[PDB]
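Residue numbers (the deposited numbering), protein chains in the order written: chain D, 210 to 279; chain F, 221 to 439; chain C, 155 to 250, 267 to 397; chain B, 65 to 84, 91 to 429; chain J, 2 to 240; chain K, 8 to 127, 134 to 241; chain A, 47 to 72, 80 to 433. Ideal Cβ positions, reconstructed from N, Cα and C, are used throughout, including at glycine.
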Ligand SMILES: Nc1ncnc2c1ncn2[C@@H]1O[C@H](COP(=O)(O)OP(=O)(O)OP(O)(O)=S)[C@@H](O)[C@H]1O
Ligand SMILES: Nc1ncnc2c1ncn2[C@@H]1O[C@H](COP(=O)(O)OP(=O)(O)OP(O)(O)=S)[C@@H](O)[C@H]1O
Ligand SMILES: Nc1ncnc2c1ncn2[C@@H]1O[C@H](COP(=O)(O)OP(=O)(O)OP(O)(O)=S)[C@@H](O)[C@H]1O
Ligand SMILES: Nc1ncnc2c1ncn2[C@@H]1O[C@H](COP(=O)(O)OP(=O)(O)OP(O)(O)=S)[C@@H](O)[C@H]1O
Ligand SMILES: Nc1ncnc2c1ncn2[C@@H]1O[C@H](COP(=O)(O)OP(=O)(O)OP(O)(O)=S)[C@@H](O)[C@H]1O
């Protein structure tokens with residue numbers, strides 16, 4: 210239904226800083242680097258400008274069922 | 221490319237596997253069914269591929285699978301629930317068996333108790349080539365089986381196996397072995413050394429597994 | 155205000171004066187049930203009264219994040235009481267077969283048999299007839315509190331609260347706006363205020379007049395036919 | 065006159081109980103031990119005074135033991151003390167404490183006694199003679215060599231006083247009380263039922279003489295939940311584990327079991343056989359005589375204005391329980407303190423009757 | 002029609018619905034009945050009326066003939082059907098043989114109907130239990146009870162309904178021959194038995210007698226009040 | 008798990024008839040003994056209450072003027088069959104001017120011992142002992158719910174039939190007399206009953222070629238019991 | 047008093063008298086030996102992949118660290134260092150010292166019985182043929198491999214038991230477990246149900262590991278319906294992990310190098326939902342069943358529960374048995390105990406016949422609405 214097509218146009222017409230983020234990029238091999246990458250994105254966001262973050266497909270992140278064993 | 225056994229559960233399919241192990245001097249390779257089931261995601265594929273690799277590097281390679289239906293399950297598209305990883309191992313078995321990168325140094329023998337469980341891609345016609353059915357032993361084969369398992373026991377030679385085979389209705393070979401062994405022990409109850417025909421009759425009566433409850437009032 | 159008086163008499167009165175109940179000598183209550191249409195104040199009343207009576211508000215509904223904060227996620231749900239004994243003036247509140271089962275364990279503890287008092291439970295749901303009959307034993311829930319949809323004066327009060335953050339204009343008739351609503355919810359009037367702000371914003375204007383409110387009424391009553 | 069000599073010699077024995091070089095030996099045990107005592111985890115035990123442990127990361131070591139503490143306090147799945155420099159077994163660590171225990175064990179004197187129950191008098195002596203008189207007076211059963219009755223099922227319509235009866239047994243007691251509502255045996259993970267069951271009865275059999283009261287167990291079959299794996303083919307296995315744990319092997323012990331239901335006909339009868347549960351007790355809606363005791367006791371601690379008659383309330387509902395009586399006797403008080411009063415008039419009971427019953 | 006067998010035997014040798022339809026009898030109103038030698042008496046307890054309505058329609062004691070009397074327990078509708086069929090049968094007996102209908106005949110009819118009713122194809126068994134009191138020729142008082150199985154079964158005093166074990170235990174320690182000497186005392190004996198049963202406020206105590214050469218008389222509940230009053234007077238005279 | 012009621016077994020029998028043979032076992036006992044002098048018979052009433060008037064319980068009922076009977080367990084299923092058996096014996100004496108022999112009676116009963124079905134319901138739940146004196150001398154006959162009818166010389170049924178058959182085979186032989194068999198039966202009775210044996214517990218029924226009709230009023234039972 | 051004061055004086059005289067040795071003599082029960090255990094070694098354990106040729110040259114995965122190529126020390130044997138073998142390896146120089154038993158998954162260690170619950174063969178009287186057959190299978194080859202060898206047979210390596218519930222299955226198992234003489238290993242059927250896929254398979258693996266290590270042992274399975282009975286296949290994918298657990302139970306039981314000196318006893322309450330792969334003999338050979346005790350069985354079970362209790366021996370027991378046509382031993386036990394409980398209503402020391410009649414009409418006729426066997430005799 211044209212989901213990313215509008216974020217593309219917003220990235221085109223804007224003047225602000227625009228950071229694309231792969232959804233599953235945070236979960237990585239080494240321990241704890243995920244929350245550190247969250248810190249990284251948000252520190253740079255606080256740094257740059259009035260800016261725009263687009264995170265694609267947070268279904269990789271926001272899953273309402275967990276298992277604190279694995 | 222590969223031969224499948226199937227049939228009723230007591231016709232004997234482990235027998236040919238152990239037989240060809242006893243006869244063919246190739247690298248005979250066994251594999252239980254649920255041993256390809258793993259807990260960690262992605263180790264069953266590694267296990268299948270390592271099994272095929274160790275078969276390839278010992279080139280005359282006979283791989284036996286018992287109860288292939290453990291990993292062979294008909295897939296389905298549902299929501300909220302569903303087994304996945306076992307189908308991943310199954311697809312790894314398929315593709316490392318057949319499809320892309322074919323091979324000539326592998327020999328596959330599978331045997332399930334039931335047939336209708338499996339996906340059609342497991343069989344298709346070049347994954348498991350020769351479909352081989354096993355029937356129940358007809359008449360003389362039951363006598364043949366009971367005659368085989370009576371070998372080491374001291375049979376008194378006044379025992380007609382034809383009577384036994386014609387009264388053992390709808391048994392498998394395993395139940396015939398059970399008949400012969402329980403006949404031996406029923407003879408061991410009274411302590412007599414060599415067997416008798418009545419011992420075989422009572423062994424058949426024990427193997428039939430009546431549940432009575434004292435039915436006497438007939439005729 | 156009547157529901158306020160009810161929750162006063164059933165929660166503020168045990169906390170500030172237990173010995174009124176212990177002099178009159180009945181069971182001090184332990185359970186409140188809130189019903190009504192969804193969006194009529196089922197949350198703000200509970201949170202607010204729990205804030206004014208100085209009680210540690212706790213809303214455990216259904217996450218596993220919560221199941222990591224309370225305990226280690228091992229086996230059950232009763233460890234919320236372990237964290238509630240340490241902050242003893244506290245209140246547990248819930249949204250809408268799972269939450270009812272949760273309430274069964276909650277009440278089955280604190281129906282006289284779990285601890286010293288100052289711990290209560292509140293459920294907010296809609297359409298009372300969809301819950302368990304075993305919960306509907308009359309010795310189980312103490313008060314059942316209705317939330318009607320708001321009337322003309324009620325919507326007028328809601329509008330005069332939610333309009334107190336905008337940039338309004340003199341000579342505006344709020345009762346016309348309340349008497350154009352088809353008995354809207356307590357949530358939707360806030361939506362009217364926000365869309366009025368949006369309509370004033372698109373005009374590059376700084377004040378908000380009644381035209382923006384009336385077009386916001388039109389927008390919300392057009393959204394009312396969306397599912 | 066035996067008090068003087070008995071007290072002198074008993075105090076001498078008590079001071080010799082505290083009278084059990092030596093400080094040099096304590097310092098040598100402290101020299102063997104390290105100061106940063108690290109914690110490990112046993113996996114197996116090898117009989118040659120050194121065994122295998124498991125560190126917190128997964129590394130595992132064949133380490134000897136500083137054998138003065140009882141190593142035979144330890145099993146697989148235990149917590150030990152280890153060194154940094156040689157990883158050796160410093161000794162035993164006392165057990166970790168205790169979220170399942172602290173949740174599932176009622177510690178306190180838990181409410182009113184048999185002075186609050188409303189006119190049963192026959193069910194009461196049955197649960198008395200099944201739990202109280204066996205446990206508190208274990209002398210009659212020696213005379214006849216008859217084992218006590220094991221399980222007791224309370225059942226009946228809702229509102230009759232199963233929960234009160236459990237609380238009253240838990241009042242006058244000498245044993246550790248264990249309370250689990252039966253609806254907590256339905257988990258959203260597979261294979262979590264038997265873990266709860268084995269931990270529950272492990273707690274029961276390890277701690278003390280005990281009373282495990284399991285309430286509303288009939289809701290385990292007639293309540294399917296979306297927050298679940300495959301429902302009935304896990305619930306049945308959970309019931310089977312409860313069954314085997316209740317009347318299985320290895321000398322069951324001093325554990326009493328009382329269960330309470332609303333309906334009984336939806337139960338798997340394999341629990342309901344004797345050998346597991348010996349007493350099955352009906353709780354009916356009582357009469358129009360013990361109702362007077364119920365209204366009396368639930369109005370025994372209030373400034374009752376004497377212009378009311380309790381017989382006006384007995385006749386009112388034909389099948390009212392003690393739940394309805396408590397509900398009216400508290401709602402009338404809620405109407406009383408609504409208007410800043412102490413005594414309770416008749417119209418208070420009328421409004422309370424029209425509030426409890428017909429809404 | 003409905004080609005099925007509702008009532009199957011058990012695996013351990015029962016009829017589920019015959020033994021289980023006795024529970025519906027067990028959860029109904031209580032009713033006792035004794036025979037004296039010249040006056041017969043019976044009555045039901047636990048009308049459990051609303052005390053403010055009609056009572057001529059809830060009458061649990063009726064008659065089939067001018068000679069025979071009813072009582073029952075269980076649910077009332079099956080009793081209504083069985084009573085209608087019993088009236089038809091007794092009057093049809095009067096059509097043939099010119100006697101007044103013997104009580105043993107009508108009890109055999111009721112029990113026979115009940116058994117061929119339980120036997121048949123898909124008919125739910127009758128969850129009632131009746132009391133059939135009458136005094137046939139030469140004035141002999143007799144009384145029989147029924148059962149959902151269909152066993153007419155002659156007694157000397159009654160034990161049905163709610164808590165019948167307690168009532169029969171009182172009749173057990175009250176089997177005095179002296180009690181059936183004075184007709185008034187037999188009436189008072191029924192009142193004392195039913196007094197050792199439920200509230201017995203003198204409201205739900207509905208009793209009717211027959212002096213075996215008359216028809217049934219339903220007593221007006223002021224005479225029963227004086228009966229309860231003189232019973233309480235004798236109970237005070239016991240101390 | 009409810010199957011069809013006309014299902015055989017995995018082993019072979021049926022179900023519902025087997026459950027009927029189980030349902031016999033809860034009933035009261037009865038003992039009949041064939042003797043060439045005549046057939047004697049005994050039963051236990053199982054009196055429960057003193058309010059329960061004792062002379063009204065029927066165990067020995069009358070089929071013909073010379074064909075006796077006794078029932079067991081369920082009473083009323085037996086009552087239907089007793090009524091019908093009487094009707095069919097009356098049809099035989101009517102259309103034949105002669106006495107329907109006891110074997111022909113019991114053939115007529117076990118023709119519909121199993122006609123249980125859904126069209127054209135359950136199997137009956139009673140064991141029956143049939144006596145009488147036909148032209149073939151005295152006869153003692155025993156049927157079952159399954160219609161498997163056999164002659165028995167002295168059969169004991171119901172709840173105490175194991176020790177009754179055993180201790181009966183202890184005392185029985187071919188040349189017994191009448192009164193010896195009567196007291197030989199009631200000794201077994203007051204070894205297998207639970208209450209004290211007295212005037213009200215048991216009842217006899219003896220039919221002879223000489224004592225032509227089965228006749229047994231009360232208080233000769235007193236004379237028989239005080240002879241113990 | 048005199049015993050109390052004199053025992054206090056004597057025991058505290060010994061105590062305060064040894065107090066002289068307590069305050070005069072101035080742990081070390083091992084201290085010099087433990088400091089001679091300071092020249093010992095930390096000895097980290099590992100897992101071996103394979104060996105190499107012409108030389109030892111061994112290859113090891115430790116557990117998490119890495120994989121190293123090692124050499125053996127001088128105090129080893131060059132033979133018993135085969136593949137897949139948990140060996141203790143030096144921390145510094147990485148060298149193999151001692152081979153050990155493998156990993157046993159310690160949640161499986163706690164189902165060996167380690168005790169003997171006291172249940173005698175006398176407690177299951179009235180079941181003589183069943184005791185005979187189960188004796189013949191379980192007891193006789195472990196105690197007498199004489200007839201079984203000199204005639205040349207093999208005893209049936211598996212026996213299943215069933216019946217109505219409460220019939221003596223558990224009790225017969227415990228009666229064997231008294232006189233077992235073997236490594237009796239309990240298995241509840243619900244032990245094979247874990248959170249993760251194919252985990253119960255590994256449990257079965259470790260069971261037969263323990264079985265093959267210790268010769269001549271017993272394994273008891275209990276309520277095998279949880280382990281798996283049917284392979285109902287639909288378009289849902291429901292009960293499947295249980296099914297794979299059941300198949301792994303099949304194969305490592307019997308087929309392709311059979312089991313060794315192990316005997317399996319299973320016991321179910323409903324032997325009707327079972328996949329006939331278990332019903333194949335060679336795995337589950339003798340179908341021993343427990344019916345109800347018919348007439349003399351209940352007399353004997355009254356003799357069992359009555360022999361050590363306070364009764365009036367002038368009463369009979371046959372009349373008691375005649376009122377219990379379809380009843381289990383559990384109901385018999387309830388009758389005996391409840392008759393005692395009616396004796397506790399009064400204050401007596403001997404039972405009466407009326408107490409037992411109260412017990413019969415208290416248990417059987419009253420709670421026969423529940424009664425546990427009108428729908429298990431049909432084996433639903
Ligand atoms: N106005 C339009 N409506 C629909 N499709 C359009 C439109 N304009 C361009 N397209 C084309 O169709 C695509 C629309 O799909 P997307 O923008 O990729 O949405 P989406 O990312 O696929 O959402 P998904 O599938 O849930 S990840 C565009 O990328 C163009 O290729
Ligand atoms: N000629 C024969 N035909 C059939 N059975 C035989 C024969 N010879 C021996 N047997 C018996 O067959 C048994 C093997 O049966 P199984 O291998 O268990 O059946 P199956 O073919 O393995 O089916 P499964 O268990 O599902 S793989 C042996 O134990 C022998 O006793
Ligand atoms: N008394 C009130 N007057 C005006 N607005 C209100 C009032 N109560 C709530 N609101 C607004 O309406 C929204 C929804 O009301 P809530 O109190 O959250 O009830 P609710 O959460 O909708 O109940 P649910 O949806 O069934 S959980 C809130 O977020 C407020 O913005
Ligand atoms: N017989 C009784 N006498 C006095 N109060 C009673 C009686 N029965 C119930 N109550 C009242 O009911 C409360 C206890 O509730 P219960 O009757 O035990 O509820 P419950 O129906 O057993 O709940 P369950 O076990 O889930 S059905 C007490 O606080 C009493 O006020
Ligand atoms: N035949 C019997 N003889 C003597 N006592 C018996 C007999 N059967 C059962 N009991 C007693 O009743 C108890 C119950 O028998 P169990 O075998 O424990 O029941 P069960 O095997 O658990 O049945 P389930 O519920 O299907 S597992 C036994 O432990 C004995 O105390």
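| Same chain, Cβ closer than 8 Å to residue 90 (chain J), five either side skipped, listed in chain order | Apart from sequence neighbours up to five positions away, the residues of its chain that approach residue 90 (chain J) with a beta-carbon distance below 8 Å are 107 and 110, ordered along the chain.
| said: Tell me the residue span of the alpha helix (DSSP H) that contains residue 175 (chain K). | reply: Judged by DSSP secondary structure, residue 175 (chain K) falls within the alpha helix (DSSP H) whose first and last residues are 174–184.
| message | Give the residues whose C-beta lies closer than 5 Å to at least one heavy atom of ligand 3, in chain order. | response | In chain order, the residues that have a beta carbon nearer than 5 Å to some heavy atom of ligand 3 are C:192, C:193, C:195, C:196, C:197, C:198, C:249, C:328, C:356, C:357 and C:360.
| Boundaries of the beta strand (DSSP E) in which residue 111 (chain A) is found, first to last residue | For residue 111 (chain A), the enclosing beta strand (DSSP E) starts and ends at 111–114.
| task | Please confirm if residue 378 (chain A) has its CB atom under 7 Å from at least one CB of chain K. | result | Yes, residue 378 (chain A) lies at the interface with chain K (some Cβ there is under 7 Å from its Cβ).
| task | Determine whether the Cβ of residue 346 (chain A) lies closer than 7 Å to any Cβ atom of chain J. | result | No, its Cβ sits nowhere closer than 7 Å to a Cβ of chain J.
| request: Kindly say whether residue 126 (chain J), judged by its beta-carbon, lies nearer than 7 Å to any beta-carbon of chain A. | output: Under the Cβ distance rule, residue 126 (chain J) does not count among the residues neighbouring chain A, no pair being separated by less than 7 Å.
| Inter-residue spacing [alpha-carbon to alpha-carbon] between residue 179 (chain A) and residue 345 (chain A) | Going from the Cα of residue 179 (chain A) to the Cα of residue 345 (chain A) covers about 10 Å.
| So is residue 408 (chain F) in contact with chain A if we call contact Cβ pairs under 7 Å? | Taking Cβ atoms only, chain A reaches closer than 7 Å to residue 408 (chain F), which makes this a yes.
| field | Short-range partners of chain D found in the stretch 193–219 of chain C, where Cβ spacing is below 7 Å | value | Residues passing the 7 Å Cβ filter: 218.
| query | Between residue 356 (chain A) and residue 229 (chain A), what straight-line distance do the alpha-carbon atoms span, to the nearest angstrom? | reply | Using only the alpha carbons, I get a separation of about 21 Å.
| said: Taking 7 Å as the threshold (beta carbon to beta carbon), is residue 423 (chain A) in contact with chain B? | reply: It does; some Cβ of chain B falls within 7 Å.
| task | Would you check whether ligand 5 has a heavy atom nearer than 6 Å to the C-beta of residue 222 (chain A)? | result | For ligand 5, at least one heavy atom lies less than 6 Å from the Cβ of residue 222 (chain A).
| Taking a cut of 7 Å between CB atoms, which residues from the stretch 190–203 of chain K lie near chain A? | Within the stretch 190–203 of chain K, no residue has a Cβ that lies closer than 7 Å to any Cβ of chain A.
| For ligand 4, is there a heavy atom less than 6 Å away from the beta-carbon of residue 403 (chain B)? | No - ligand 4 has no heavy atom lying nearer than 6 Å to the Cβ of residue 403 (chain B).
| field | Endpoints, the beta strand (DSSP E) within which residue 332 (chain C) is located | value | Looking at the DSSP string, residue 332 (chain C) is not in any beta strand (DSSP E); the run it does join, the alpha helix (DSSP H), is 322–332.
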